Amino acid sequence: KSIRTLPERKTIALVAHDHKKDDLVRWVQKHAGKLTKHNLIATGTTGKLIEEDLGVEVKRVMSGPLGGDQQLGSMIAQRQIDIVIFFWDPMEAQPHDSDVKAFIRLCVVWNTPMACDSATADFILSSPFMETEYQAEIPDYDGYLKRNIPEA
């Protein structure tokens, strides 16, 4: 019922679970030309690894499970991140790995383009909307915000 405009130059969040970090570094390397045209941001460890392995400049927030997940989530809700690339691990996710559901649900709340694997990431990155504005329909949350609060 409402609209969010993604700008022409995107801010792209880059996050990987530990067992997918090398996969994400390889994906960034293969798409370095396209990705470095945009603003890149990452959780602490993923971002340090991209910089150490590739020399690609990426803004870093805290490590995911130490608050980086919430920092990126805050920026999504504040319309400061436009695209999320999150390689999560469906087989060997570790106790400290970023929480998958909580991270993805906020992207759905705000109708943010989001990839959870490299095939989706390839489709997203190849879209012409990478380089234009994109008008994302969002739910009108005004009714939710004005909801009646129970007495008990």
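Residue numbers here begin at 1 and follow the sequence given.
| request: Please work out which of 59-67 and 90-98 has the higher mean CA B-factor as recorded in the PDB entry. | output: Stretch with the greater average CA B-factor: 90-98.
| As stated in the PDB record, which stretch has the larger average Cα B-factor, 137-145 or 17-25? | That would be 137-145.
| field | C-alpha B-factor winner, where the candidates are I85, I104, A42, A119 | value | Among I85, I104, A42, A119, the highest C-alpha B-factor in the entry belongs to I104.
| query | In terms of the chain's CA B-factor thirds, is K48 lowest, middle or highest? | reply | It belongs to the lowest third of the chain when residues are ordered by C-alpha B-factor.
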